[PDB]
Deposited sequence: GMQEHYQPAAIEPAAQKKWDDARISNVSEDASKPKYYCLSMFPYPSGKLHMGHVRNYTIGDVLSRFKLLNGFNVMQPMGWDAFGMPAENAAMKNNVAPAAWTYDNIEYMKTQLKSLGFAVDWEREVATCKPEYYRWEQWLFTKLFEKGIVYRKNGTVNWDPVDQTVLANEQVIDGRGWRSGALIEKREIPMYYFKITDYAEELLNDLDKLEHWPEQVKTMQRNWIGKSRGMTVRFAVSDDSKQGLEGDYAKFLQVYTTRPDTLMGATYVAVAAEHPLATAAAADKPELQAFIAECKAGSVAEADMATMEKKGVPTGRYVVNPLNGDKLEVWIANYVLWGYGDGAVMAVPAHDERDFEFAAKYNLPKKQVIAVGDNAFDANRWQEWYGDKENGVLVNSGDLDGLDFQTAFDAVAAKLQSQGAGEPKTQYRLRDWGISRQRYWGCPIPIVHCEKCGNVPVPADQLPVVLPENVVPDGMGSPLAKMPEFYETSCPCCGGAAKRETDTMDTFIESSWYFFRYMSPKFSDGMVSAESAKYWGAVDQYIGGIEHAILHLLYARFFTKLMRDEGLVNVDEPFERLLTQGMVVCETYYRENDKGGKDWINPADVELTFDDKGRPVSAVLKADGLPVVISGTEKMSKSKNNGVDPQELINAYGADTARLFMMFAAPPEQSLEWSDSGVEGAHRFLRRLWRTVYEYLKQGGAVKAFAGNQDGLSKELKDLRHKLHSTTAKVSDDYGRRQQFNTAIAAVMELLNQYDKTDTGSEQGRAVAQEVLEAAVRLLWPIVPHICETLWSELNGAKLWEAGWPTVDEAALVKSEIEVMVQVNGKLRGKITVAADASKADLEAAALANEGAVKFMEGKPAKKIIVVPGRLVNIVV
């Protein structure tokens, strides 16, 4: 055994020992209990970043821990290969997106294997291969004939200079983010998942997830946005029916979730596309411009509530069906056409958004709810204005005194008796649009025939192979400029027909890949029925918070779709969900000659502790703020150079010890040094132990007769084993478990283990400490364990807790004052010469 810890020699050898033993290549074996630990598969973007290392080390600690406890552990790995980054690099470096992708995969695979992750590489998938996306094209055709997938005209943003579609997040003040040209709203036919048909199922099944973060379940409930309200119809006054047709000339219909406050409606609001808005804007140019500004907007829903609410009066009036008040109709920019009826009622006294709107335009406010004896200020909003559980109605005629639920049913009675309203349930959830005007994506298995219509590709002709021999230029999606691809024959009549040139949303690949890992080479379906029954569902899911809404909801939607098709037997894909925090770093720059800043990568800097300067230039730079690692402010720390400088075990240990997994991790140069020096200490601790006698049989059994010092070390040992096991399986806080093993080595250093019984307790401490640290630093623990014990580490198993070593030794004693029944005198005074051991006597 070498005296000094050199990871470059022990990490490759330990990896071959694991690959030769094939301990990570697991099977559907009904002998050992299964465990499915899954980390979110990455985009093959070129190199791994620190966010990748943290996410996949967390998954590996959980996997190696469950494996050491006797589980059949599947930790698969794959690549989310479809996406825009491949097209952008294709335009930049003049290469094919497929070629650019496959070289990033084979390089990032070498980085992952160097870190020593226990990954079953015989289950590796790649979403850009036809052997994978053929099955989401297959599920597309099935759900398309059922109507779950349907084709419908939709509105998108078209950049007339970059010649492509842009999402709302890529539009800035009406212009494209790159071209800077005004975008055009276009109505094009697209495809949709009918996810609204599963809204009640996706909402209620969140209650089954007793091991999900409560905030993730909360965010999904708000996104679905179920609401039980009331449809209300306000009759249009006779002086306002000009230019209206159909039922719009008879009434204005709205939806509200608080019909108990219908007596407090001071005005109504309609969307810019509403017929009442169109009839009012016929001769007033101020309304025409307001409608045009609303249509030209591109507010993303992540910022929809943060936009300034604006409105214009129409001069038209409707009648409240309960008190007969004439309410003026306004055109509001926050009312979205297609969300319900496209028209709402406003109660400024009990809705904060209506309060700020009325305060802006000096609109009336009518209090109709009261909570206790609280004062109602018409010029200041209070939190109790919108309370529902502890309020009673006021200023509502024959509705005064009713609470929320009784007034709700009372209002429904009057509305239904008049035929002016009825209860209705609504959902904020929209359908899922999957059409993408991109090249590097899964083709949509639709063929357009002038006689048969939109025809799905039959199952025999799947997949519709995307040609990998394309280099996009940037002047339109290449699939539309390639007749050799879209010119085809109709699979129904054989006539001339064209293929769909739009590709699928890349979220479709990530929505079911966790099932494909169970049988990645299965060629007769999405997932083999035998492997789906064995693995069931993912036991542990690890990923970032940015996928808590869209990706997680899509994965649950696909799981219920595949369940209703007969492929799987679970309602939910993920049992446990761990949300890893981001990784941040310090930013550096220099001042530009034009009044700006040019950012510098931290690796190209060196600090004096005081100021900082370049590594080779000696030009003093300026240190800036700390934020998430990104190429924006050029603060990304390459983990490969970290592996080159310290090895894989130091990188894994630093990220597991710097902060808890949910908390953000700040990069620290001195932090990775403390991780490396601790691994040097652990190596020296085992070396110096074997240097004075060698290995012995670790202590086991009855500990009676051991010294007080050695008994205290065994107590600390089995306390650490119980503390680490609870930190891995339950708390999932890996930084606290590292310090627990560190404190065990502290007491070991302070304990004389030179005796014959001392050597045995020392062996028991070290054999457990290397197994307690194996999930975090498997390379050095594998090497050190083979020096202490000759058995295979994974067959020795997770350290067992000896509960006898935790029980303290008691000394029963009798206490008689004056004959009748230093620490013993203290307890016998909490009840004077004492005979040592059995008698204490209180000199009365």
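- By the record, the deposited chain contains unmodelled runs at 1, 610 to 615, 829 to 840, 851 to 864, with no C-alpha atoms placed there.
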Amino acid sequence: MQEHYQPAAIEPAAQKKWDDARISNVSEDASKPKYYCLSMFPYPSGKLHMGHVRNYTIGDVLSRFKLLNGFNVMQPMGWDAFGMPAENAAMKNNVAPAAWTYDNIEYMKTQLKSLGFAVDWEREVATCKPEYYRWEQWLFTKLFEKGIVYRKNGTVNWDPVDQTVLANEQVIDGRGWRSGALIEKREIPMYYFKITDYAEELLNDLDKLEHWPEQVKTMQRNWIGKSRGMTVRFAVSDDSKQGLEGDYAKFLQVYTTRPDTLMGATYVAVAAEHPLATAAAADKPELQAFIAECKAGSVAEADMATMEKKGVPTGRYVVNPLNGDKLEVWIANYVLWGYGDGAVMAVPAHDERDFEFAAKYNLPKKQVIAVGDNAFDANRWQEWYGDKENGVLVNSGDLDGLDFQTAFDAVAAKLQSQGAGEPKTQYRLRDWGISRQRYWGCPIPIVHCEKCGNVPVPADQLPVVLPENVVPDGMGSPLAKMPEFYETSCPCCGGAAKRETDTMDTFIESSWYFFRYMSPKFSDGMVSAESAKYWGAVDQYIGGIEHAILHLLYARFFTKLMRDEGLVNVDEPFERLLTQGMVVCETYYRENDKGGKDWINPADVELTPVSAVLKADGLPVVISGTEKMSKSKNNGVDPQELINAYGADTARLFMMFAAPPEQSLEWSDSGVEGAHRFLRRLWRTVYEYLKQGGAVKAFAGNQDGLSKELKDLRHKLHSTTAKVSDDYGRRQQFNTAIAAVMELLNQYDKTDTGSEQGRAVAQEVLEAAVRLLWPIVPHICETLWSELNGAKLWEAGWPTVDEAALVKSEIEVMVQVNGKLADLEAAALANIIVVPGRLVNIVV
From here on, numbers count along this sequence of modelled residues.
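Heads up, when I say rigid core I mean the largest set of C-alphas that superpose within 1.5 Å between the two forms.
- With each structure aligned by its rigid core, the stretch whose Cα atoms sit farther from this model in 9 other deposited structures of this protein, between 307 to 315 and 544 to 552, is 307 to 315.
- In summary, of the stretches 436 to 444 and 162 to 170, 162 to 170 shows the greater Cα distance from the shown form in 9 other deposited structures of this protein, with structures fitted on the rigid core.
- When the other compared entries with both flanking residues are checked, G596 is unmodelled in at least a third.
- In at least a third of the other PDB entries of this protein that model the residues around it, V610 has no coordinates.
- When the two stretches 357 to 365 and 612 to 620 are set side by side, the higher mean Cα temperature factor goes to 612 to 620.
- Set 123 to 131 against 277 to 285 and average the Cα temperature factors; 277 to 285 ends up higher.
- The entry lists C-alpha B-factors for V761, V329, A740, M263, and the highest of these is at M263.
- Among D197, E500, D303, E565, the highest C-alpha B-factor recorded in the PDB entry belongs to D303.
- Residue-level temperature factors show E782 in the middle third of its chain, judged at the C-alpha atom.
- Ranked within its chain, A805 lands in the middle third, by CA B factor from the PDB record.
- Ranked against the other modelled residues of its chain, the C-alpha B-factor of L821 as given in the entry falls in the highest third.
- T231 sits in the lowest third of its chain by CA B factor, as recorded in the PDB entry.
- Sort the modelled residues of the chain by CA B factor and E812 lands in the highest third.
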